[PDB]
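Peer 1: Provided herewith is a single structure, encoded as C-alpha cells, for subsequent inquiry.
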Amino acid sequence: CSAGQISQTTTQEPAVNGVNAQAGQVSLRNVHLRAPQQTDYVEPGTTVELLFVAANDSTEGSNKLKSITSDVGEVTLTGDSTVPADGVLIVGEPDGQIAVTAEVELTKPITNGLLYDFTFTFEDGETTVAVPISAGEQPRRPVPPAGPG
Amino acid sequence: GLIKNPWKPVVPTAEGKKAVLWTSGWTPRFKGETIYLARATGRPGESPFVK
Amino acid sequence: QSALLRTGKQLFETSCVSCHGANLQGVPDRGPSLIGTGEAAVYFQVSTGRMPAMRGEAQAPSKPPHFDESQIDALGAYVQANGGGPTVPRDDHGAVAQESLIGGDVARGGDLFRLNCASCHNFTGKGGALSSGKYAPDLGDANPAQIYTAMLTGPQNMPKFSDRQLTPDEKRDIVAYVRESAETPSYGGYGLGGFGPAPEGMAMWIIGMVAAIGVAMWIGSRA
Amino acid sequence: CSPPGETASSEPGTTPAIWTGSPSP
Ligand SMILES: CCCCCCCCCCCCCCCC(=O)OC[C@H]1O[C@H](O[C@@H]2[C@H](O)[C@@H](O)[C@H](O)[C@@H](O[C@H]3O[C@H](CO)[C@@H](O)[C@H](O)[C@@H]3O)[C@@H]2OP(=O)(O)OC[C@@H](COC(=O)CCCCCCCC[C@H](C)CCCCCCCC)OC(=O)CCCCCCCCCCCCCCC)[C@@H](O)[C@@H](O)[C@@H]1O
Ligand SMILES: CCCCCCCCCCCCCCCC(=O)OC[C@H]1O[C@H](O[C@@H]2[C@H](O)[C@@H](O)[C@H](O)[C@@H](O[C@H]3O[C@H](CO)[C@@H](O)[C@H](O)[C@@H]3O)[C@@H]2OP(=O)(O)OC[C@@H](COC(=O)CCCCCCCC[C@H](C)CCCCCCCC)OC(=O)CCCCCCCCCCCCCCC)[C@@H](O)[C@@H](O)[C@@H]1O
Ligand SMILES: CC(C)=CCC/C(C)=C/CC/C(C)=C/CC/C(C)=C/CC/C(C)=C\CC/C(C)=C/CC/C(C)=C/CC/C(C)=C/CC/C(C)=C/CC1=C(C)C(=O)c2ccccc2C1=O
Ligand code: HEC
Ligand code: HEC
C-alpha cells in the first residue's frame, strides 16, 4: 500500500534551507542568500551573498553561467562561472567549508522569512527560483533580558 | 450554587468584557497591544519565555 | 585532508549514486539532493544504518550500518565539501563526541523533551505511530551523538531543530534526559514496556484474571 | 455536513505590514 508508485520517502525534499531549481539542463541545489541581520530589515546598500551549487545533468558538453538578475539589486559574478562536463560549480563558500561568488548590492530592504525572485541564465533556459534567506551555522543572537514587568 | 452562566463577560478585551470561550491569551486587551510569539525555554522561572 | 575526501567519494560512487546522483544533486522520485545537508546528516543516516536505503516505502527503517567509523567520516567529509552544512560535534582527540554531549540539567531536558519530543516519541522515548505507515522509533539504542545529529538534521518526518531554535546546551540537556530515561530501571517491578495502560490491561487479563479463574476452578467444581 | 465558515480562497494575499504597537497598557 505504501510501497506503490506514490511513495512517501521517494518524493521527499532535502531537509535544507535552500531551493532546488531546474534551469533547463542545470540543477540548482541549496540556493540561498547569506545575510546577517540586526533589525527587522537589511537596509539597501548592504552587500549580501548568494550561494548555490550548479549541477550539469548532461555529461557530454559544458555550460557557463551568465547574467544573474533580481529585483532586489544587482548581482555581480566573480570567477570562472563555467560548470564542467559532469561536475559541479560551487558559487559561494558556506559555513563549514574549512572561487566563484555572487555579490548582491541591495536596492530594496530584505528580511529573513520572505522569498525574493532571482533569475538564472546559462545558455539554454531562464528560470526564476524565489530565493530565500538562510542563516547557516551562526549562533542564536542574544536577546535583551526582560524586566520584572 | 453549582450553576454558572457560561457566557458572563468576565474577560477584559480591547472591545469590552467577553465570555471566556470567545477569548484566549492572544486576545488583545487594548488596541495596538503587542503580543510576542515567545518560546518556552524549559527552565522553571528565570525567564521561562523569551522573544 | 585530500585522503579523506577521495576515500569518501570512492565509497560514494558504488553506494550512493543510484539514488542521490553522481554530483549529489538527487535522482527524481528516487532520492533527494544531498547538497547542504552537511556532515551531521550523513553521520546520523549512516551510523544509524538508515543508509544506504533499499527501497521506497512509508519510512526507511534502521538496520545494521554498512560502513564503519572511518568510512562514515570519509562519506561525511565528501558530502560536507559539497554545499557545507552542520557538522557532528567532536571531542579533543577529534573523535565523535559521546560523553561530552551529556548535559548537566536533566530536569530542564525533561521539560524540553516533553514539550518538543514526547508527542512523537512518547513520555520515555518508547516510540509512537505516525500518519500512514510512518512511526517515531524507540530512542533506547541511539548514542548521544546520534540524538544530537537527529535533532540537528531532522531526519525524514522529524523537525530539523536548528542551533538557534534549540541551543547546543539545550540539546545536551535533552540527550541527557534521553540517555538517562533509557538507562533508568523501573522502580515498581517489571516495566511492561513503558507504554502505559495498554500493556497494563493486557497483563491483568492474561495473568491476574487467568490465575483468579484458574484458582476458582481448583476450589470450585464442574458441571 | 461541511462547516459553512471554512472555504478555500484563490486570492494571493499581501505581505503583512511591520507591527508598531500602541502605548498605554
Ligand atoms: C472476486 C473477488 C475479489 C476480487 C478482487 C481482485 C481484483 C481487484 C483489482 C484491484 C486493482 C489492483 C491494482 C493494484 C496496484 C495498485 O493499487 O496500484 C495503483 C495505484 O493507486 C494509487 O494511486 C492512484 C493514482 O494512480 C494516482 O495517479 C493518483 O494520484 C491517486 O490519487 C490519490 O492520491 C493522490 C496523491 O498523489 C491524491 O492527490 C488524490 O486525491 C487521491 O487521494 C490514486 O489513488 P486512490 O484513489 O487511493 O486508488 C487506489 C486503488 C485502490 O486499491 C484497491 O484495489 C483497493 C482494494 C479493494 C478490494 C475489495 C475487497 C474485498 C473483500 C473480501 C473479498 C470480503 C470477504 C468475502 C466473504 C466470504 C465469501 C462468501 C460468499 O485504485 C485502483 O487500483 C482501482 C480500484 C478498482 C477495484 C474494484 C474492486 C471493488 C470490489 C468489487 C467486488 C464485487 C463482489 C460482488 C459479489 C457478487 C496508489 O496507491 C499508487 O501508489 C498505486 O500505484
Ligand atoms: C500465581 C500468579 C501470581 C504471579 C504473577 C507475577 C508475574 C510476573 C513475573 C515477573 C516479575 C519480575 C520482577 C523483576 C522486575 C525487574 O527487576 O525488572 C528488570 C528490568 O527489565 C526490563 O529491562 C530490559 C533490559 O534489561 C534493559 O537493558 C532494556 O533497556 C529494556 O528495554 C526496554 O527499554 C529500552 C530503552 O531502555 C527499549 O529500547 C526497549 O524496547 C524496552 O522498552 C528491557 O526491557 P523489555 O524489552 O521490556 O523486556 C525484557 C524481558 C523479556 O520480556 C518479558 O519479561 C516477558 C515475560 C513477562 C512480561 C509480562 C507478560 C506479557 C503478557 C502479554 C498479554 C502477551 C501477549 C499474548 C497475546 C494473546 C491475547 C491477545 C488477543 O527480559 C527479561 O527481563 C528476562 C527475565 C525472565 C523471567 C521469567 C519469570 C520466571 C517465572 C517462573 C515461576 C515458577 C513458579 C513455580 C511454582 C511451583 C525492564 O522492564 C526494566 O525497566 C526493568 O527494570
Ligand atoms: C483498529 C484495530 C482493532 C486494529 C487492529 C488491526 C490488526 C491488523 C491487528 C493485528 C495485526 C497483527 C497482529 C499483525 C502482525 C502480522 C500477522 C502475523 C497477522 C495475523 C496473521 C493471522 C491472522 C494468522 C496467524 C494466526 C494468528 C491468529 C496469530 C496471531 C496472534 C497474535 C500474535 C496476535 C496479537 C495481536 C494483538 C492485537 C495483540 C496486542 C496486545 C496488546 C494490547 C499489547 C500491548 C503490549 C505492548 C505493546 C508492549 O509493549 C508490552 C510490553 C511488555 C509486556 C506486555 C506488553 C503488551 O501487552
Ligand atoms: C535508494 C534506494 C537510496 C540509496 C541507495 C541511498 N539513499 Fe540516501 N536517501 C534516499 C531517500 C529516498 C532519502 C529520503 C528519505 C529518507 O529516508 O531519509 C534519502 C535520504 C538521505 C539523507 C538525508 C537527506 C536530508 O535531507 O538530510 C542522506 C544524508 C543520505 N540519504 C545519504 C545517503 C548515502 C551516504 C548513501 C550511500 C551509502 C545513500 N543515501 C544511499 C534514497 C537512497
Ligand atoms: C514527530 C514529528 C517527531 C518529533 C517531534 C521528534 N521526533 Fe525524533 N524521530 C521521529 C522520526 C519519524 C524518526 C525516525 C527518522 C528516520 O530518519 O528514520 C525520529 C528519529 C529520532 C532519533 C533517531 C533514533 C534511532 O533510531 O536511534 C532520535 C535520537 C530522535 N528522533 C530524538 C528526538 C528528540 C530528542 C526529539 C525532541 C527534540 C525528537 N526526536 C522529536 C519523529 C519525531
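Each chain in the C-alpha cells gets a letter, A, B, ..., in the order shown, and its residues are numbered from 1; ligands are numbered from 1 in order too.
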Which residues are near ligand 4 - at most 6 Å, using only C-alpha atoms and all ligand atoms? Format: as a PDB file with N, CA, C and O atoms, in the first residue's frame.
Peer 2:
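Result went into selection.pdb, see below:
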```
ATOM      1  N   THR A   9       8.676   8.291   0.912  1.00  0.00           N
ATOM      2  CA  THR A   9      10.108   8.537   1.060  1.00  0.00           C
ATOM      3  C   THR A   9      10.733   9.039  -0.236  1.00  0.00           C
ATOM      4  O   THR A   9      11.599   9.922  -0.212  1.00  0.00           O
ATOM      5  N   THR A  10      10.311   8.490  -1.378  1.00  0.00           N
ATOM      6  CA  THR A  10      10.973   8.787  -2.643  1.00  0.00           C
ATOM      7  C   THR A  10      10.763  10.224  -3.103  1.00  0.00           C
ATOM      8  O   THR A  10      11.647  10.782  -3.762  1.00  0.00           O
ATOM      9  N   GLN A  12      10.467  12.859  -1.147  1.00  0.00           N
ATOM     10  CA  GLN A  12      10.862  13.807  -0.115  1.00  0.00           C
ATOM     11  C   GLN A  12      11.933  14.764  -0.620  1.00  0.00           C
ATOM     12  O   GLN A  12      12.812  14.389  -1.401  1.00  0.00           O
ATOM     13  N   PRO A  14      15.108  17.570   0.239  1.00  0.00           N
ATOM     14  CA  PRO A  14      16.183  17.660   1.235  1.00  0.00           C
ATOM     15  C   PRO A  14      15.798  18.573   2.389  1.00  0.00           C
ATOM     16  O   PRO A  14      15.122  19.587   2.206  1.00  0.00           O
ATOM     17  N   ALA A  15      16.241  18.202   3.589  1.00  0.00           N
ATOM     18  CA  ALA A  15      15.950  18.976   4.797  1.00  0.00           C
ATOM     19  C   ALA A  15      16.993  20.082   4.956  1.00  0.00           C
ATOM     20  O   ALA A  15      17.783  20.121   5.902  1.00  0.00           O
TER      21      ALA A  15
ATOM     22  N   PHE C  12      31.288   6.721  -2.067  1.00  0.00           N
ATOM     23  CA  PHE C  12      30.004   7.252  -2.517  1.00  0.00           C
ATOM     24  C   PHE C  12      29.609   6.704  -3.882  1.00  0.00           C
ATOM     25  O   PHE C  12      28.426   6.438  -4.122  1.00  0.00           O
ATOM     26  N   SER C  15      27.864   3.246  -3.862  1.00  0.00           N
ATOM     27  CA  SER C  15      26.841   3.034  -2.843  1.00  0.00           C
ATOM     28  C   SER C  15      25.711   4.055  -2.847  1.00  0.00           C
ATOM     29  O   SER C  15      24.654   3.762  -2.280  1.00  0.00           O
ATOM     30  N   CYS C  16      25.994   5.274  -3.338  1.00  0.00           N
ATOM     31  CA  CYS C  16      25.012   6.393  -3.228  1.00  0.00           C
ATOM     32  C   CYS C  16      24.742   7.167  -4.544  1.00  0.00           C
ATOM     33  O   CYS C  16      24.138   8.252  -4.432  1.00  0.00           O
ATOM     34  N   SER C  18      23.040   5.729  -7.303  1.00  0.00           N
ATOM     35  CA  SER C  18      21.788   5.249  -7.882  1.00  0.00           C
ATOM     36  C   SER C  18      20.588   6.071  -7.426  1.00  0.00           C
ATOM     37  O   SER C  18      19.630   6.241  -8.189  1.00  0.00           O
ATOM     38  N   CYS C  19      20.618   6.592  -6.197  1.00  0.00           N
ATOM     39  CA  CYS C  19      19.503   7.366  -5.670  1.00  0.00           C
ATOM     40  C   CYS C  19      19.810   8.842  -5.465  1.00  0.00           C
ATOM     41  O   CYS C  19      18.881   9.653  -5.484  1.00  0.00           O
ATOM     42  N   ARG C  30      13.520   9.142  -6.649  1.00  0.00           N
ATOM     43  CA  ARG C  30      14.364   8.067  -6.141  1.00  0.00           C
ATOM     44  C   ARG C  30      15.156   8.526  -4.923  1.00  0.00           C
ATOM     45  O   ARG C  30      15.453   7.724  -4.032  1.00  0.00           O
ATOM     46  N   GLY C  31      15.497   9.811  -4.873  1.00  0.00           N
ATOM     47  CA  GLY C  31      16.261  10.355  -3.776  1.00  0.00           C
ATOM     48  C   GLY C  31      16.473  11.850  -3.899  1.00  0.00           C
ATOM     49  O   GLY C  31      16.586  12.399  -4.998  1.00  0.00           O
ATOM     50  N   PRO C  32      16.532  12.538  -2.764  1.00  0.00           N
ATOM     51  CA  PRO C  32      16.685  13.995  -2.778  1.00  0.00           C
ATOM     52  C   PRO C  32      18.144  14.407  -2.937  1.00  0.00           C
ATOM     53  O   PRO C  32      19.064  13.590  -2.905  1.00  0.00           O
ATOM     54  N   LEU C  34      21.679  15.958  -1.877  1.00  0.00           N
ATOM     55  CA  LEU C  34      22.495  15.931  -0.670  1.00  0.00           C
ATOM     56  C   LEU C  34      23.306  17.208  -0.489  1.00  0.00           C
ATOM     57  O   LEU C  34      24.189  17.252   0.373  1.00  0.00           O
ATOM     58  N   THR C  37      23.188  19.328   3.141  1.00  0.00           N
ATOM     59  CA  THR C  37      22.759  18.525   4.282  1.00  0.00           C
ATOM     60  C   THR C  37      23.820  18.491   5.374  1.00  0.00           C
ATOM     61  O   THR C  37      23.482  18.439   6.562  1.00  0.00           O
ATOM     62  N   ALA C  41      24.165  15.178   8.923  1.00  0.00           N
ATOM     63  CA  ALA C  41      23.127  14.336   8.338  1.00  0.00           C
ATOM     64  C   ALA C  41      23.690  12.995   7.886  1.00  0.00           C
ATOM     65  O   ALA C  41      23.084  11.944   8.128  1.00  0.00           O
ATOM     66  N   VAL C  42      24.853  13.013   7.231  1.00  0.00           N
ATOM     67  CA  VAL C  42      25.465  11.772   6.765  1.00  0.00           C
ATOM     68  C   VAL C  42      25.844  10.888   7.944  1.00  0.00           C
ATOM     69  O   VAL C  42      25.610   9.672   7.926  1.00  0.00           O
ATOM     70  N   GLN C  45      22.612   9.329   9.322  1.00  0.00           N
ATOM     71  CA  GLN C  45      21.960   8.416   8.391  1.00  0.00           C
ATOM     72  C   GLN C  45      22.768   7.145   8.163  1.00  0.00           C
ATOM     73  O   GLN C  45      22.189   6.101   7.842  1.00  0.00           O
ATOM     74  N   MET C  51      21.105   4.360   6.020  1.00  0.00           N
ATOM     75  CA  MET C  51      21.543   4.486   4.646  1.00  0.00           C
ATOM     76  C   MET C  51      22.758   3.599   4.397  1.00  0.00           C
ATOM     77  O   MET C  51      23.586   3.424   5.297  1.00  0.00           O
ATOM     78  N   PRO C  52      22.900   3.021   3.193  1.00  0.00           N
ATOM     79  CA  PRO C  52      22.040   3.225   2.020  1.00  0.00           C
ATOM     80  C   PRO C  52      20.665   2.573   2.130  1.00  0.00           C
ATOM     81  O   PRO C  52      20.540   1.461   2.642  1.00  0.00           O
ATOM     82  N   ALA C  53      19.645   3.273   1.646  1.00  0.00           N
ATOM     83  CA  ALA C  53      18.296   2.729   1.645  1.00  0.00           C
ATOM     84  C   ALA C  53      18.165   1.645   0.583  1.00  0.00           C
ATOM     85  O   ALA C  53      18.939   1.585  -0.376  1.00  0.00           O
ATOM     86  N   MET C  54      17.174   0.776   0.766  1.00  0.00           N
ATOM     87  CA  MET C  54      16.992  -0.373  -0.108  1.00  0.00           C
ATOM     88  C   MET C  54      15.751  -0.293  -0.980  1.00  0.00           C
ATOM     89  O   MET C  54      15.731  -0.902  -2.052  1.00  0.00           O
ATOM     90  N   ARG C  55      14.722   0.434  -0.556  1.00  0.00           N
ATOM     91  CA  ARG C  55      13.511   0.555  -1.354  1.00  0.00           C
ATOM     92  C   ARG C  55      12.725   1.770  -0.887  1.00  0.00           C
ATOM     93  O   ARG C  55      13.022   2.364   0.153  1.00  0.00           O
ATOM     94  N   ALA C  60      11.869   4.606   5.825  1.00  0.00           N
ATOM     95  CA  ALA C  60      13.067   3.780   5.779  1.00  0.00           C
ATOM     96  C   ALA C  60      13.469   3.385   7.195  1.00  0.00           C
ATOM     97  O   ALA C  60      13.727   4.259   8.034  1.00  0.00           O
ATOM     98  N   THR C 153      19.607  17.622  12.221  1.00  0.00           N
ATOM     99  CA  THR C 153      19.331  17.444  10.778  1.00  0.00           C
ATOM    100  C   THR C 153      17.867  17.162  10.508  1.00  0.00           C
ATOM    101  O   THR C 153      17.459  17.349   9.384  1.00  0.00           O
ATOM    102  N   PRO C 155      15.739  14.088  10.545  1.00  0.00           N
ATOM    103  CA  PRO C 155      15.562  13.041   9.548  1.00  0.00           C
ATOM    104  C   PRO C 155      14.122  12.657   9.204  1.00  0.00           C
ATOM    105  O   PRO C 155      13.347  12.537  10.081  1.00  0.00           O
ATOM    106  N   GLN C 156      13.853  12.439   7.913  1.00  0.00           N
ATOM    107  CA  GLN C 156      12.516  12.023   7.407  1.00  0.00           C
ATOM    108  C   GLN C 156      11.425  12.989   7.886  1.00  0.00           C
ATOM    109  O   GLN C 156      11.358  14.112   7.348  1.00  0.00           O
TER     110      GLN C 156
END
```
Peer 1: What residues in chain A have any atom no more than 8 Å from chain C when counting only C-alpha atoms, and can you write them as a VMD selection string?
Peer 2: chain A and resid 2 to 4 7 to 16 18 27 29 to 30 52 to 53 55 86 to 88 90 93 to 97 136 to 137 139 to 140
Peer 1: Produce as an MDAnalysis selection string the set of residues near ligand 2, where near means within 8 Å with only C-alpha atoms and all ligand atoms considered.
Peer 2: chainID C and resid 125:126 138:141 181:194 199 202:203 205:208 211
Peer 1: Compute the chain B side of the contact with chain C at 10 Å, counting only C-alpha atoms, and hand it back as a PyMOL selection string.
Peer 2: chain B and resi 39-44
Peer 1: Export, as a CSV table (one decimal), in the first residue's frame, the selected residues with N, CA, C and O atoms.
Peer 2:
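Generated output (out_25.csv):
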```csv
chain,number,residue,atom,x,y,z
B,39,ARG,N,8.9,31.7,23.1
B,39,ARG,CA,9.3,30.3,23.2
B,39,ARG,C,9.6,29.9,24.6
B,39,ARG,O,10.1,30.6,25.4
B,40,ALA,N,9.1,28.6,25.0
B,40,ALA,CA,9.4,28.1,26.3
B,40,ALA,C,10.8,27.6,26.4
B,40,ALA,O,11.2,26.7,25.7
B,41,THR,N,11.6,28.2,27.3
B,41,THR,CA,13.0,27.8,27.4
B,41,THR,C,13.2,26.5,28.2
B,41,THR,O,14.3,25.9,28.2
B,42,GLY,N,12.1,26.0,28.8
B,42,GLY,CA,12.2,24.7,29.5
B,42,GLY,C,12.7,24.8,30.9
B,42,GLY,O,12.7,23.7,31.6
B,43,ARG,N,13.1,25.9,31.4
B,43,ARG,CA,13.6,26.1,32.8
B,43,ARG,C,12.6,26.8,33.6
B,43,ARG,O,12.0,27.8,33.2
B,44,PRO,N,12.3,26.3,34.8
B,44,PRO,CA,11.3,26.9,35.7
B,44,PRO,C,11.8,28.2,36.2
B,44,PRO,O,12.8,28.3,36.9
```
Peer 1: For ligand 1, return the neighbouring residues as a list in words (distance at most 6 Å; only C-alpha atoms and all ligand atoms).
Peer 2: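 Listing the residues within 6 Å of ligand 1 gives residues 1, 4, 5 and 6 of chain A.
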Peer 1: List every residue of chain B that DSSP, applied to the backbone of this structure, places in strand (DSSP E), and write the result as a ChimeraX atom specification.
Peer 2: /B:11-13,16-18,39-40,49-50
Peer 1: Please report, as a Markdown table, each residue of chain A lying at most 12 Å from chain B, together with the nearest pair of atoms and the separation in Å rounded to one decimal; use only C-alpha atoms, and order rows by chain and ascending residue number.
Peer 2:
```
| residue | atom | partner | partner_atom | distance |
| --- | --- | --- | --- | --- |
| A:140 | CA | B:51 | CA | 11.6 |
| A:141 | CA | B:51 | CA | 11.0 |
| A:142 | CA | B:51 | CA | 10.0 |
| A:143 | CA | B:51 | CA | 7.0 |
| A:144 | CA | B:51 | CA | 9.0 |
| A:145 | CA | B:47 | CA | 8.3 |
| A:146 | CA | B:47 | CA | 7.7 |
| A:147 | CA | B:47 | CA | 9.4 |
| A:148 | CA | B:47 | CA | 9.6 |
| A:149 | CA | B:47 | CA | 11.5 |
```
Peer 1: Select all residues from chain D having any atom no more than 12 Å from an atom of chain A (counting only C-alpha atoms, ignoring ligands), output as a list in words.
Peer 2: residues 14, 15, 16, 17, 18, 19, 20 and 25 of chain D
Peer 1: Suppose we keep N, CA, C and O atoms; can you now write the selection as an mmCIF file, in the first residue's frame?
Peer 2:
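Below is the file result.cif, written as the result:
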```cif
data_model
loop_
_atom_site.group_PDB
_atom_site.id
_atom_site.type_symbol
_atom_site.label_atom_id
_atom_site.label_comp_id
_atom_site.auth_asym_id
_atom_site.auth_seq_id
_atom_site.Cartn_x
_atom_site.Cartn_y
_atom_site.Cartn_z
ATOM 1 N N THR D 14 -1.204 39.588 0.652
ATOM 2 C CA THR D 14 -0.096 40.528 0.687
ATOM 3 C C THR D 14 0.784 40.260 1.902
ATOM 4 O O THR D 14 0.367 39.623 2.872
ATOM 5 N N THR D 15 2.014 40.750 1.828
ATOM 6 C CA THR D 15 2.939 40.621 2.947
ATOM 7 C C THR D 15 2.451 41.467 4.117
ATOM 8 O O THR D 15 2.142 42.650 3.932
ATOM 9 N N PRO D 16 2.350 40.905 5.322
ATOM 10 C CA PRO D 16 1.884 41.695 6.467
ATOM 11 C C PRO D 16 2.810 42.866 6.759
ATOM 12 O O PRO D 16 4.030 42.780 6.603
ATOM 13 N N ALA D 17 2.210 43.973 7.188
ATOM 14 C CA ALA D 17 2.971 45.173 7.497
ATOM 15 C C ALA D 17 3.714 45.020 8.819
ATOM 16 O O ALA D 17 3.365 44.191 9.664
ATOM 17 N N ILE D 18 4.758 45.834 8.989
ATOM 18 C CA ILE D 18 5.535 45.799 10.221
ATOM 19 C C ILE D 18 4.690 46.311 11.379
ATOM 20 O O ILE D 18 4.016 47.344 11.277
ATOM 21 N N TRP D 19 4.725 45.582 12.491
ATOM 22 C CA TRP D 19 3.935 45.934 13.663
ATOM 23 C C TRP D 19 4.576 47.100 14.404
ATOM 24 O O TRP D 19 5.795 47.128 14.600
ATOM 25 N N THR D 20 3.751 48.065 14.816
ATOM 26 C CA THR D 20 4.225 49.231 15.556
ATOM 27 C C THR D 20 3.963 49.102 17.054
ATOM 28 O O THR D 20 4.898 49.155 17.858
ATOM 29 N N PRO D 25 -0.881 50.494 28.240
ATOM 30 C CA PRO D 25 -1.470 49.204 28.620
ATOM 31 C C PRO D 25 -2.649 49.348 29.580
ATOM 32 O O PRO D 25 -2.574 50.157 30.505
#
```
Peer 1: When you count only C-alpha atoms, which of these residues is closest to chain D: B:48, B:22, B:30, B:7?
Peer 2: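 Among the listed residues, B:30 lies closest to chain D.
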Peer 1: Record the distance separating CA of residue 195 in chain C and CA of residue 128 in chain C, expressed in Å with one decimal.
Peer 2: 9.6 Å
Peer 1: When you get a sec, could you note down which chain B residues fall within 8 Å of chain D, using only C-alpha atoms, as an mmCIF file with N, CA, C and O atoms, in the first residue's frame?
Peer 2:
```
data_model
loop_
_atom_site.group_PDB
_atom_site.id
_atom_site.type_symbol
_atom_site.label_atom_id
_atom_site.label_comp_id
_atom_site.auth_asym_id
_atom_site.auth_seq_id
_atom_site.Cartn_x
_atom_site.Cartn_y
_atom_site.Cartn_z
ATOM 1 N N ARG B 29 -5.858 43.002 24.891
ATOM 2 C CA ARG B 29 -6.518 43.688 25.992
ATOM 3 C C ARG B 29 -6.730 45.170 25.716
ATOM 4 O O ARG B 29 -7.513 45.814 26.424
ATOM 5 N N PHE B 30 -6.052 45.716 24.710
ATOM 6 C CA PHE B 30 -6.298 47.068 24.236
ATOM 7 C C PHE B 30 -5.831 47.152 22.792
ATOM 8 O O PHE B 30 -5.054 46.314 22.324
ATOM 9 N N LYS B 31 -6.320 48.166 22.084
ATOM 10 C CA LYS B 31 -5.972 48.323 20.679
ATOM 11 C C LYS B 31 -4.483 48.602 20.526
ATOM 12 O O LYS B 31 -3.918 49.437 21.238
ATOM 13 N N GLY B 32 -3.848 47.897 19.593
ATOM 14 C CA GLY B 32 -2.431 48.063 19.352
ATOM 15 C C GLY B 32 -1.521 47.350 20.325
ATOM 16 O O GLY B 32 -0.310 47.591 20.300
ATOM 17 N N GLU B 33 -2.061 46.488 21.184
ATOM 18 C CA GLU B 33 -1.228 45.757 22.130
ATOM 19 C C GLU B 33 -0.304 44.797 21.396
ATOM 20 O O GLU B 33 -0.734 44.056 20.508
ATOM 21 N N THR B 34 0.971 44.808 21.775
ATOM 22 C CA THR B 34 1.976 43.959 21.148
ATOM 23 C C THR B 34 2.083 42.651 21.921
ATOM 24 O O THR B 34 2.433 42.651 23.107
#
```
Peer 1: Please compute the CA of residue 97 in chain C-atom 41 (C, counted along the ligand's line) of ligand 5 distance, one decimal, in Å.
Peer 2: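 According to the coordinates, CA of residue 97 in chain C and atom 41 (C, counted along the ligand's line) of ligand 5 are separated by 20.7 Å.
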Peer 1: What is the CA of residue 176 in chain C to CA of residue 106 in chain C distance in Å?
Peer 2: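 Here the two named atoms are 5.9 Å from each other.
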Peer 1: If we count only C-alpha atoms, what is near residue 121 in chain A at a cut-off of 6 Å, once residues fewer than 4 positions away on the same chain are taken out, given as a PyMOL selection string?
Peer 2: chain A and resi 66+125-126
